[PDB]
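To start, the structure itself, in structure tokens.
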Amino acid sequence: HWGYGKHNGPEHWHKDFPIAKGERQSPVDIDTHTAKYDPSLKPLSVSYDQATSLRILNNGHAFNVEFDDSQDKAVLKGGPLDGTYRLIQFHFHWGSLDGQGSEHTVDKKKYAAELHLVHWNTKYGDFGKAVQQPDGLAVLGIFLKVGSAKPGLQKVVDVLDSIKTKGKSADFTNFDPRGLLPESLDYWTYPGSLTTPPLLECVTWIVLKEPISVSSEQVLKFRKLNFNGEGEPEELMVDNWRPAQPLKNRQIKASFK
Ligand SMILES: NS(=O)(=O)c1cc(F)cc(F)c1
Ligand SMILES: OC[C@H]1O[C@@H](O)[C@H](O)[C@@H](O)[C@@H]1O
Ligand SMILES: OC[C@H]1O[C@@H](O)[C@H](O)[C@@H](O)[C@@H]1O
Ligand SMILES: OC[C@H]1O[C@H](O)[C@H](O)[C@@H](O)[C@@H]1O
Ligand SMILES: [Zn+2]
């Protein structure tokens, strides 16, 4: 039922999901001047060398690239995190035009899109148990701006024609997510939530400061996907982002001086 349209979008979600008005909702605006360096943060470790991708799915809201999370392979450690978090999937949020699409904003500036690499805390055994815990998930967020092409994104772009409509999937083995990172791992971090229903308040957000550049042609292909299923009237999959939510009783910490 929930979506991004006028009649089922972010301003309606609270009726079924009252936590939408909660105390640690995401995304937020990142005020870079108020964000403070945190010396208690440990070095961040993104260890994706043995990642095993499996499948790509159009779920009617975005597309997910899914990974084998039955054992410790691609993991995120360090930074603000206690213990080991396993990669389960990544997806994007994007706009109808280059001037909007990100969920987090930086001094109110909206990027063209935002990549979310989703990980769960292995001390809870499964993703479903992890989303019953305050520290169950860690999402690594990466901004996309439009400029030069990102070579490591092209394999994703070129499979999208095969998953145009809701419910379609395709094999997506042997994809290396290391090709989606920027050079620097400088980041901001804060406690938040899932940005889509069920909006659960389980996430440690780690948002990289350096955006990746993708080409106009790459993001234009994201915008050819459909929210609807096969045979149904075409609704382009665009503007699948939630706007910034109140910061409330939180502080954003920076990894860099
Ligand atoms: N968009 S998000 O990364 O917060 C996200 C991740 C997830 F695993 C499930 C969700 F419902 C939402
Ligand atoms: O195929 C994508 C990636 O898969 C990983 O499991 C391999 O260890 C990497 O060498 C490879 O780049
Ligand atoms: O009481 C002082 C403390 O206030 C907190 O809000 C800040 O996060 C700390 O960095 C600071 O040392
Ligand atoms: O790596 C992701 C995918 O990239 C390309 O589409 C390859 O043709 C395919 O075999 C692979 O699964
Ligand atoms: Zn997301």
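Just from its helices, what would the mean residue ellipticity at 222 nm be for the chain, if runs of 4 or more DSSP H residues each count -39500 (n - 2.57) and the sum is divided by every residue, rounded to the nearest 500 deg cm²/dmol?
-1500 deg cm²/dmol
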Three-way shape label, the range 6-65, alpha-carbon gyration tensor, a/c 1.5: oblate
Among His61, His33, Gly99 - extreme Cα towards positive end, dipole of the range 4-106, charges at beta-carbon: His61
Beta bridge orientation in the chain: antiparallel %, DSSP, nearest 5: 80
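Which entries of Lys77/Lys253; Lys73/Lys155; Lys164/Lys224; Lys42/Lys257 show an alpha-carbon separation above 19 angstrom in the structure shown?
Beyond 19 Å: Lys73/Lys155.
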Cα convex hull volume per residue for the range 151-257 (Å³): 152
Max mean-square fluctuation residue, GNM over the chain, Cα-Cα springs under 10 Å, options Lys77, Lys209, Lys21: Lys21
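What does the charge dipole of the chain about its Cα centre add up to, to the nearest 20 debye, if the Cβ of each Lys and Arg holds +1 and the Cβ of each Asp and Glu holds -1?
Roughly 500 debye, rounded to the nearest 20.
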Expected-Rg normalisation [2.2 N^0.38 Å, Cα atoms] applied to the chain: 0.95
Between the range 146-215 and the range 1-58, the alpha-carbon center distance in angstrom: 12
Most fluctuating residue given options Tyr190, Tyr48, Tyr85, as computed from a GNM of the chain linking Cα atoms under 10 Å: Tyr48
Square roots of five times the Cα gyration tensor eigenvalues for the range 1-116, Å: 27, 22, 15
Nitroxide proxy distance, nm - points 7 Å out along Cα→Cβ at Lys129 and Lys73: 2.2
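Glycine also receives a Cβ, built like all others from the backbone with ideal geometry; neighbour counts cover every protein chain displayed. Where a number appears in this text, it was derived from the coordinates with a stated rule and is not lab data.
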